[PDB]
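Take a look at the structure set out below.
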Amino acid sequence: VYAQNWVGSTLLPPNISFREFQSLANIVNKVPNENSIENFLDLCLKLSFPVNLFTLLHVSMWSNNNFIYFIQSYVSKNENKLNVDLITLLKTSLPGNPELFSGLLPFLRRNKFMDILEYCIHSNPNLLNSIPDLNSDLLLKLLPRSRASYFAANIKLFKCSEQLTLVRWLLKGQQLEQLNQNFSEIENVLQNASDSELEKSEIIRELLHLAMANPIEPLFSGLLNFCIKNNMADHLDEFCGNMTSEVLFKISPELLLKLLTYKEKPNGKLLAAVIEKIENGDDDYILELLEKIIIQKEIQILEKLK
Amino acid sequence: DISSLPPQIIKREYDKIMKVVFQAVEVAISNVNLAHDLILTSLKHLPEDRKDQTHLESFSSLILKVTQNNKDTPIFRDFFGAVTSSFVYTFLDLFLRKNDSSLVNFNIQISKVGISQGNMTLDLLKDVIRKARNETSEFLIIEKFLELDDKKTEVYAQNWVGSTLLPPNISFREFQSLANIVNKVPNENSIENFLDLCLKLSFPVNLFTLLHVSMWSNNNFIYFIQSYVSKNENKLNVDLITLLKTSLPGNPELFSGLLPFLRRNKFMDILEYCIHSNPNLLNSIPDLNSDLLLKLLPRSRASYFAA
């Protein structure tokens with residue numbers, strides 16, 4: 001109680017030995033408070049000598065309120081800038097504690113220093129979780145860049161709207177091998193509606209055009225999930241219209257029928273590019289398809305005997 | 001086959017057209033989606049020459065009936081948000097005057113049927129600003145939303161104003177609006193952003209004429225001085241001295257927190273005037289070491305200390 005007041009209010013001697021200076025610094029490092037912090041800044045503006053202050057001023061050991069008040073009143077008086085020493089502090093403390101980063105985002109959203117915000121999210125993205133009223137416009141411009149490997153592998157840990165604007169980045173970054181490896185946490189988004197049924201249709205457009213040229217694995221897992229929600233005609237009838245020969249020869253027989261059987265004339269024009277594989281095409285592909293029509297009894301679609 | 005009706009006719013006999021539409025929705029309250037898109041389109045086509053108080057209150061009186069028969073359910077709530085936000089957006093200047101009878105009376109009806117009143121009013125504001133993205137500044141919209149005293153609108157205002165970077169071209173009309181928000185929800189981060197703003201200004205505007213800091217709590221008044229004096233000129237400008245000379249002598253809590261700063265900054269007359277106007281300060285100070293009192297010479301009021 002006496003120390004916080006003496007140190008935060010007595011005028012300091014402009015001749016103070018290095019031996020005294022280290023002692024004064026250790027007092028503030030034990031009783032971190034508004035005035036004991038402030039009067040320790042009102043000295044540094046006048047030092048006719050070098051020395052990093054952090055080697056005796058272990059702000060990474062301080063409580064979060066004191067760390068915040070320290071950086072605020074440091075930067076405001078010194079140069080409104082981040083010198084080297086201040087970067088090396090921040091890159092060890094904020095990745096070790098999300099609570100510490102909370103009031104710290106405001107000051108970085110003000111004076112920008114964009115390269116700092118890139119490094120914390122690149123060490124761990126679970127920082128985006130507990131943000132006050134987080135929005136699009138912002139998160140779309142905070143492209144995570146940390147490989148989509150972290151974001152798709154945890155997509156369920158977001159909110160609602162953020163699911164749409166995440167997949168909007170995965171596509172526009174060509175992150176193919178991240179929509180695939182985590183497909184099961186993605187199907188449950190397009191299923192559950194959203195804050196904008198409009199962004200769904202444009203996302204579904206960006207999916208089919210890349211799937212047609214790149215079967216990989218989700219061509220089956222996706223196109224199955226498409227027809228279990230017949231609220232997709234504005235994409236199925238396009239998919240059957242944009243067809244190319246080698247694309248059809250990778251359609252699973254369990255799926256080519258489950259597309260056309262729960263449909264009529266519109267999806268039916270897909271048959272145009274199936275003639276290439278029945279007539280003069282492939283011996284065993286015709287026979288794997290012929291199982292499915294007989295086992296389920298899909299007779300109205302059997303009208304193809306010429 | 002029904003290829004709409006030409007835009008002239010809709011604008012012309014609008015007041016005849018909408019009679020039947022209102023009566024259809026007053027019976028169709030059973031079908032949420034039917035009532036929802038009818039309102040959205042009738043507003044999206046509502047002509048400028050009809051953007052008055054009568055047509056405004058009519059849509060409010062329609063939504064009232066629909067909402068009182070139903071209940072807060074996820075499906076009902078999120079459509080109701082998009083409907084009501086489009087209604088306020090269509091009439092926006094008629095809700096954004098400075099007293100707005102329509103604004104406040106509307107909130108007192110929506111609070112009747114929700115899982116939390118403080119989500120319904122807030123998610124309203126968040127949709128309205130997602131519509132108005134270049135026509136109307138957030139400040140003017142927030143200026144009237146805080147006249148509700150809705151504690152969840154205050155929370156989001158502190159989160160925005162304390163952290164969004166401000167435009168170096170801001171009209172005086174925006175500047176006064178942003179200032180009035182801080183005069184209702186003053187907080188550490190909201191003050192710190194306004195300073196990083198004034199440091200980048202092209203115009204002088206002696207700030208105190210808009211800030212009214214002597215109305216803010218003791219912590220708010222303290223923290224404002226610390227960052228302002230240091231970022232500005234390491235000293236006080238006219239209005240600060242005239243402020244401090246009459247806020248401090250009447251409040252001992254504020255005096256106790258500012259006393260160390262005024263001491264380390266050598267502000268002699270500032271300290272002396274407080275003792276000359278209020279001698280009781282010297283016995284409410286914790287740890288008045290005899291060296292401090294020998295340097296806080298009473299000067300005037302010698303006729304008080306011996307007495």
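By order of appearance in the structure tokens: chains A, B, ..., then residues from 1 within every chain, and ligands from 1 in the order shown.
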
Check every residue of chain B for an atom within 7 Å of chain A, counting only C-alpha atoms, and provide those that qualify as a PyMOL selection string.
-> chain B and resi 159+162-165+193+230-231+260+263-264

Please provide the set of residues having any atom within 12 Å of residue 270 in chain A, restricted to only C-alpha atoms, with same-chain residues fewer than 6 positions apart removed, written as JSON, numbers by chain.
-> {"A": [236, 237, 238, 239, 240, 241, 242, 243, 244, 245, 247, 248, 251, 256, 257, 259, 260, 263, 264, 276]}

Go ahead and dump the residues you just picked, N, CA, C and O atoms, as a CSV table (one decimal), in the first residue's frame.
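Generated file (again_33.csv):
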```
chain,number,residue,atom,x,y,z
A,236,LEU,N,-29.2,-29.6,-60.3
A,236,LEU,CA,-29.2,-31.0,-60.9
A,236,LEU,C,-29.4,-30.9,-62.4
A,236,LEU,O,-28.8,-31.6,-63.1
A,237,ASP,N,-30.4,-30.1,-62.8
A,237,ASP,CA,-30.8,-29.9,-64.2
A,237,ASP,C,-29.7,-29.2,-65.0
A,237,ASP,O,-29.4,-29.5,-66.1
A,238,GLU,N,-28.9,-28.3,-64.3
A,238,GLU,CA,-27.6,-27.8,-64.8
A,238,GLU,C,-26.5,-28.8,-64.9
A,238,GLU,O,-25.9,-28.9,-65.9
A,239,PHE,N,-26.4,-29.7,-63.8
A,239,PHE,CA,-25.3,-30.7,-63.8
A,239,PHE,C,-25.5,-31.7,-64.9
A,239,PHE,O,-24.5,-32.1,-65.6
A,240,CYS,N,-26.7,-32.1,-65.2
A,240,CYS,CA,-27.0,-33.0,-66.3
A,240,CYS,C,-26.9,-32.3,-67.7
A,240,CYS,O,-26.8,-33.0,-68.7
A,241,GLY,N,-27.0,-31.0,-67.8
A,241,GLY,CA,-26.8,-30.2,-69.0
A,241,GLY,C,-25.3,-29.9,-69.3
A,241,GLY,O,-25.0,-29.8,-70.5
A,242,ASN,N,-24.4,-29.7,-68.4
A,242,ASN,CA,-23.0,-29.4,-68.5
A,242,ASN,C,-22.1,-30.6,-68.7
A,242,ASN,O,-20.9,-30.6,-68.4
A,243,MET,N,-22.6,-31.7,-69.2
A,243,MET,CA,-21.9,-33.0,-69.2
A,243,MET,C,-20.9,-33.2,-70.3
A,243,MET,O,-21.0,-32.7,-71.4
A,244,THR,N,-19.8,-34.0,-69.9
A,244,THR,CA,-18.7,-34.3,-70.8
A,244,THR,C,-18.3,-35.8,-70.6
A,244,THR,O,-18.4,-36.3,-69.5
A,245,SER,N,-18.0,-36.5,-71.7
A,245,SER,CA,-17.9,-38.0,-71.8
A,245,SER,C,-17.2,-38.7,-70.6
A,245,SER,O,-17.8,-39.6,-70.0
A,247,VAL,N,-16.7,-37.8,-67.6
A,247,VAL,CA,-17.3,-37.5,-66.3
A,247,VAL,C,-18.3,-38.6,-66.0
A,247,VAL,O,-18.4,-39.1,-64.9
A,248,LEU,N,-19.1,-39.1,-67.0
A,248,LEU,CA,-20.1,-40.1,-66.8
A,248,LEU,C,-19.6,-41.5,-66.5
A,248,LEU,O,-20.1,-42.2,-65.7
A,251,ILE,N,-19.3,-42.0,-62.7
A,251,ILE,CA,-20.5,-42.1,-61.9
A,251,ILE,C,-20.8,-43.5,-61.5
A,251,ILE,O,-20.8,-44.5,-62.2
A,256,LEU,N,-26.2,-43.2,-60.5
A,256,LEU,CA,-26.8,-42.9,-61.8
A,256,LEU,C,-28.3,-43.2,-61.8
A,256,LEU,O,-29.1,-42.4,-62.3
A,257,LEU,N,-28.7,-44.4,-61.3
A,257,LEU,CA,-30.1,-44.7,-61.1
A,257,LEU,C,-30.8,-43.8,-60.1
A,257,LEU,O,-31.9,-43.3,-60.3
A,259,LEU,N,-30.3,-40.9,-59.1
A,259,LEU,CA,-30.6,-39.6,-59.8
A,259,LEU,C,-31.8,-39.6,-60.6
A,259,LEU,O,-32.7,-38.8,-60.4
A,260,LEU,N,-31.9,-40.5,-61.6
A,260,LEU,CA,-33.0,-40.5,-62.7
A,260,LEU,C,-34.3,-41.1,-62.2
A,260,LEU,O,-35.4,-40.8,-62.8
A,263,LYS,N,-37.2,-38.9,-60.6
A,263,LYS,CA,-37.2,-37.8,-61.6
A,263,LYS,C,-37.9,-38.2,-62.8
A,263,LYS,O,-38.3,-39.4,-63.0
A,264,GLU,N,-38.1,-37.3,-63.8
A,264,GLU,CA,-38.8,-37.5,-65.1
A,264,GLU,C,-38.0,-36.8,-66.2
A,264,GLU,O,-36.8,-36.7,-66.2
A,276,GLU,N,-23.0,-43.5,-75.3
A,276,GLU,CA,-21.5,-43.7,-75.4
A,276,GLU,C,-21.0,-45.0,-74.7
A,276,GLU,O,-19.8,-45.3,-74.9
```

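The two atoms in question, CA of residue 29 in chain A and CA of residue 45 in chain A, are spaced 19.2 Å apart.
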
Neighbours of residue 297 in chain B within 10 Å (only C-alpha atoms; same-chain residues fewer than 5 positions away dropped), as number ranges by chain?
-> B: 272, 275, 292, 302

Residues near range 20-27 of chain B, cut-off 9 Å, only C-alpha atoms, skip fewer than 3 positions along chain, as an MDAnalysis selection string = chainID B and resid 16:17 30 34:35 38 59 62 65:66

Range 115-118 of chain A: which residues within 10 Å, counting only C-alpha atoms, same-chain residues fewer than 3 positions away excluded, as a list in words?
->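 Here the qualifying residues turn out to be residues 87, 90, 91, 105, 108, 109, 112, 121, 122, 123, 142, 143, 144, 145 and 146 of chain A.
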
What lies within 9 Å of residue 256 in chain B using only C-alpha atoms, ignoring chain neighbours under 6 positions off, as an NGL selection string?
-> :B and (284-286)

Expressed in Å to a single decimal, how great is the separation between CA of residue 92 in chain B and CA of residue 77 in chain B?
->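 Taking CA of residue 92 in chain B and CA of residue 77 in chain B, their separation equals 21.6 Å.
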
Write out as a PyMOL selection string all residues of range 195-283 of chain A that DSSP puts in alpha helix (DSSP H) for this structure's backbone.
-> chain A and resi 197-213+218-227+233-239+245-248+253-260+265-268+275-278+283
